[PDB]
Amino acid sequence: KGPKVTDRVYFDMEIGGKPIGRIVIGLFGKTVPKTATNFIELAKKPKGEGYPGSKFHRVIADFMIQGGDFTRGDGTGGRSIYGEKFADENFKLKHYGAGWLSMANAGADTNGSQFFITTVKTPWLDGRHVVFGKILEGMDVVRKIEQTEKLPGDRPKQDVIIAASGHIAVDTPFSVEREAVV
């Protein structure tokens, strides 16, 4: 009964130049096609133009990890394939638990490139941030990032970099449970 994964995206992660493993995300291309498409294309862009080379600039343990600011690296930048900003596509899905993918924003209809991966269930974000994927593999890599040493301002002391990213196609869309990722 769960939403269908139609596409995969991978992130090969490094912290301060040390490889820490791959995150694999399933995207709900039937539920939020426009949001999913943005993410997939930004994952396919080259550095400075998309996710490769960008960092998780905001990390809050017992909450979420946030990245996708490929133009300013600090939360103030980023842009979508549709222009600087695009509208909230729908709020069909909730932040069911750790390991859900949702768009960062600065209020209604301000989606860019920035996104976060939850590390706990975050009901207060439901209806405010568009949820569009679920972690499929590499939740331990997420947790590694979640626990990385921080500076004040919720910033990793060492850069947490998406060294590489890309899109793996999907056979046959499959349903996933609306539950925390183990």
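The first residue of the sequence shown is number 1, and the count goes up from there.
- Checked against the record, the higher mean CA B factor of 106-114 and 93-101 lies with 106-114.
- Comparing 125-133 with 37-45, the higher mean C-alpha B-factor in the PDB entry belongs to 37-45.
- Ranked against the other modelled residues of its chain, the C-alpha B-factor of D62 as given in the entry falls in the lowest third.
- In the deposited entry, the Cα temperature factor of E146 sits in the bottom third of values across the chain's modelled residues.
- Per the deposited record, the Cα B-factor of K157 falls in the middle third when ranked against the other modelled residues of its chain.
- Among all modelled residues in its chain, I168 ranks in the highest third by Cα B-factor.
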